[PDB]
Each structure stands twice: as C-alpha cells, then as structure tokens.
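The form solved without this ligand is given below as one chain in structure tokens.
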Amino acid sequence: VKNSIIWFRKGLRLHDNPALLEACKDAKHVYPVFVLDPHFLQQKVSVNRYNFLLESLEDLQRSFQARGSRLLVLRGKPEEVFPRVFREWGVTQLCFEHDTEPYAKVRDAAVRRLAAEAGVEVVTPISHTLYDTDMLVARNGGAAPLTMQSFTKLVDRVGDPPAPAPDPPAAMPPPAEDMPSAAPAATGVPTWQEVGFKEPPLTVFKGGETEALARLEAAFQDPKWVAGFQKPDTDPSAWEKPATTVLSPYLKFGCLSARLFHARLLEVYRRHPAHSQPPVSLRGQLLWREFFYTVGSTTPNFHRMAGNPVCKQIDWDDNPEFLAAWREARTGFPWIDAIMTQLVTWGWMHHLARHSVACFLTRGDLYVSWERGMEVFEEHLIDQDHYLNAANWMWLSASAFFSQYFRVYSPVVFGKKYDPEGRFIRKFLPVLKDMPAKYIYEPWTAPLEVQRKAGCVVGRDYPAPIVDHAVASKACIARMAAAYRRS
C-alpha cells in the first residue's frame, strides 16, 4: 500500500497545493507534517511573525480535522526526524513544495538522500512562485534578467503562469492509528508562550489560509480598485484601511497561492480594458516578487554585500549610535519614528513607508549599511522574505537595481503630502497626540509654550533630531557620487 507524507515548510494552505494532491492520490495513509525546531530561539525572531506562523498552523489543523485528518507538528531537525518516521509509518512517498532559498537547498538535498536510502519517492512541484524560476532563466539564454523591463518581457513571451491546482478531496486518508511518533501530545501546535516568548504579539493581522482568502475576497470586492491599481500613487499613511492589499505575510508563508492571486487578476483585467499595466499594477507587484526571486536564486551571496556580483561596494559607516536610534524609534523625526514603531507593533508598513526609513538609514541621512537595517527588518516584519527583503534594501541604498542617488526623501516633507494633520503620527506616537499639526513633523520648531501646552517637551518627552537633514543628506549625496565614480 501507499503511505505518504506531505511536508509543510512554506505553502501553508490547502488550495493550489499540487504536492498535497499527489500525496493523497491512491494513498492509504497521509501524514501532514510540519517540522518545528524547538531550540530556534536559542540562536532574531519577533513574537509577531512567529505567532503568525503558529496561527497559520492552527488553521491547517482545523482544515485537516474537517477532512478526517490531522496536522502533525514534529519537534526536532528534519535530518534527524525523517529517517525515523520513514520506517515507522512505512512511508513510500514524500511530497513538499519546492523552495529556492539557500538554506532550503542544503536542507532538501539532505532529506532527498535520506529518502533514497529508505526507498521513498520524492515529488517536489513548484507552486510558491508564479513560474518555474529555473525555466525562466533557461528561456532567457541561461542568465536571469537584471531589469524589470526585460523580465516583464520574458514572462510575456512565456505566457500565463500555470493555473491554480484543484482543491483537495473532501475526505483525506488519515494517519495510521497508534503510531508513537504521531501521538497527539507530541504533535500538537504550540502557543507563543510555550515556545519561550515572554511578551504577547501586538499585530492586527492574523495568520492562516482562511484569513488569506478572506483578505483576498475583500481586495476584489471593488474591481475598479483592482483594475486601476497604481503602486506609487497609494498612501503610506493610511492605517485604518491600508492603501494596498496587505497580502505579503500570507504570500510569504504560502497561506495564499500566488497563482490564484494571478488568476483572479486576469479575470478582472479581461472585463476592464483600461486596467493598469506592469510594473505599477497589482500584477506587476507579483512580478516584482517573481523578478527578485529569479535574480536572487541565481546570484551568489545575494543577502550580503561582499561577494555579491550584483551589489555595489560602498564604504558605509560603522555607526552603532545612529543604528540604535533608528532601531529604537528615537531619531527625533516623528515620521521616521512612527514608521519604525509600526514595524515593531504591526510587523508591516506600506511600501513607501519602508522607503522612508530605509533611505533615512542608508544613502539618505545616516549612511549606515543596508545590511544592518536589514537585520532589523528580518526580526520584526511578519512578511520578511529572504529575497524580497534583500533586493529592496539594495534598491533603497542604491547598491543594486536602483541608481538615482540624487533622489533623497525628506523625513519632514514626505509624509506631509499625504497626511498634513499627522493622523498616522498621532496613532503610533501618542506622545505627540496634542501637538498642533503645524509642528507635528518638526516638533523641535514649536515654541516652548506650545510644547508645554501639548505635554511634549523636546529633549524630555520626545528626542531632538539626531541630525540636520539638510546637512546629513548633502554629505551622503557627495559620498554616494564619489563611490559611483570608481564603480
């Protein structure tokens, strides 16, 4: 008989799961498995993203139980767990979604070799990205495109991505009974308290495939908004109703299929001929994700500067004080500090909000390496993606892809074009809730009587600006320009 394992790493969903479909075909028993390293905090990871993962696992548990099955959360490392459950469950097939991250290639190669020794077949379909990213490179002549212009024309020559896979059957082959490594107590989904975290999560975004589909439907409730979507025109200060879809944490963990998202977009585009085109459209946003995945998976040392063939070598400053003030949201610029407070509270900010704080830390004001603020984003972002976090930080620092270092965002003026009243600032920085709007972006310019009346005295309740933007940006521009000369 056939006994299979469907190994979850990414792709925490039931819809568009060709690996799950194969595992259930002609199967007597199916073992849904997620492998959790219980010593991961003994390394970096915030409770916001880790609880998002746990909430996504609890959603899988209810979905499997509704189909007569169960999700098994095995504790330990995959290389040590799988050789045991292969013989214990009489496994003949192992299925999991393909992953192109560096650690994923080392891990999956080791489990493949262990599966061959136990006579287990390995089926690894592609469904985390829109396309077979290795196919895109081969179609382009053996090298990945380096511009969105040429990449968009590559996929247009390939055609539509594959259609989403059909839903799994209403009843699934359950795990075998009385298997010791499948005991319920050892295979349950833990809470954030049990994994070691002390402080509770504060994000307003809940994980799971169910919430992902619900937020997807809410996005397509207004087809004119989907059709005319222009990414650079959205509002970074919108927080009650965010200006974009906020589907990034669900695409990161695979709670939502990128191919289902892409198929729903094509349904809308066929009915609206004046719809927006790449790269500014919603489809173009999925293409930015596919573009950086294609470039990153074929570039060595992509998440670093040294040894990176696509990254420009700049002599960034080793300034721990600027990094600490930026990390702890005490730079003195309320627009910057409010965004960084949103980073650690929600784990998500708008794209242009990430532009403001990344430009401020790097090529704009503080001249700190993009790798340092990178590690800050990697800790708190609930949508942190190894290839997207890296490529966009190389973009904002003018180290890769982007080159117009004369475009420097202002930490004072940028947010005021969207939110002159500072409603976004008063939300995440309640110390300035009573500050008049004339000074909410420049509290240090308010007279001392205004500061006392509002209960926010600069230097006592809110810090002074760490730098003068006119002075700091003038020096940073002249240092980026000289670097590009030797480049």
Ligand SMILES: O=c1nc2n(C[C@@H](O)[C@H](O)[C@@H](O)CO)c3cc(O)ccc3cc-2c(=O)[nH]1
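Sequential numbering from 1, following the sequence displayed. Rigid core (definition): largest C-alpha set, two forms, superposition within 1.5 Å. Shifts are known only where both forms have a C-alpha.
The entry shows a gap from residue 43 to residue 44, with 1 to 3 unmodelled residues of the deposited sequence in between. Stretches 423-431 and 48-56 differ in mean C-alpha B factor, with the higher average recorded for 423-431.
Look at the C-alpha B-factors of 183-191 and of 341-349. On average they run higher in 183-191.
Reading the B-factor column for the CA atoms of 66, 30, 450, 33 in the entry, the top value corresponds to 450. Of the candidates 283, 289, 386, 153, the deposited coordinates give 153 the top C-alpha B factor. Among all modelled residues in its chain, residue 105 ranks in the highest third by Cα B-factor.
Among all modelled residues in its chain, residue 324 ranks in the highest third by Cα B-factor. Per-chain ranking of the deposited C-alpha B factor places residue 205 in the lowest third. Residue 199 sits in the highest third of its chain by CA B factor, as recorded in the PDB entry. Sort the chain's modelled residues by C-alpha temperature factor and residue 307 lands in the highest third, per the entry.
Another form exists, solved in complex with this ligand; not displayed. Remarks below refer to it.
Taking the pose of this ligand in the deposited bound form and superimposing the nearby C-alphas onto this chain, the site is open, with no ligand atom within 2.4 Å of backbone or C-beta atoms. Using a 4.5 angstroms limit between non-hydrogen atoms, residue 99 touches this ligand in the deposited bound form.
Residue 458 falls outside the set of residues with a heavy atom inside 4.5 Å of this ligand in the deposited bound form. Within 4.5 Å of some heavy atom of this ligand in the deposited bound form lies at least one heavy atom of residue 10. Within this chain, residue 380 is remote from the site of this ligand in the deposited bound form, having no heavy atom within 4.5 Å.
Proximity to this ligand in the deposited bound form, defined as a heavy atom within 4.5 Å, singles out one entry of 238, 216, 104, 146, which is 104. Scanning 27, 35, 446, 432 against this ligand in the deposited bound form with a 4.5 Å heavy atom cut-off leaves one residue, 35. Exactly one of the stretches 104-112, 117-125, 160-168, 188-196 approaches this ligand in the deposited bound form with heavy atoms within 4.5 Å, and it is 104-112. Using a 4.5 Å cut-off to this ligand in the deposited bound form, each of 45, 50 and 252 places a heavy atom inside that distance. Along 359-387, a single residue, 384, places a heavy atom within 4.5 Å of this ligand in the deposited bound form. Large C-alpha shift between the shown form and the other one, rigid core held fixed: of 436, 420, 38, 68, this applies to 38 alone, with a displacement of 2 Å or more. Residues present in both forms were compared between the shown form and the other one after fitting on the core; the only consecutive run of three or more with every C-alpha moved by 2 angstroms or more is 37-43.
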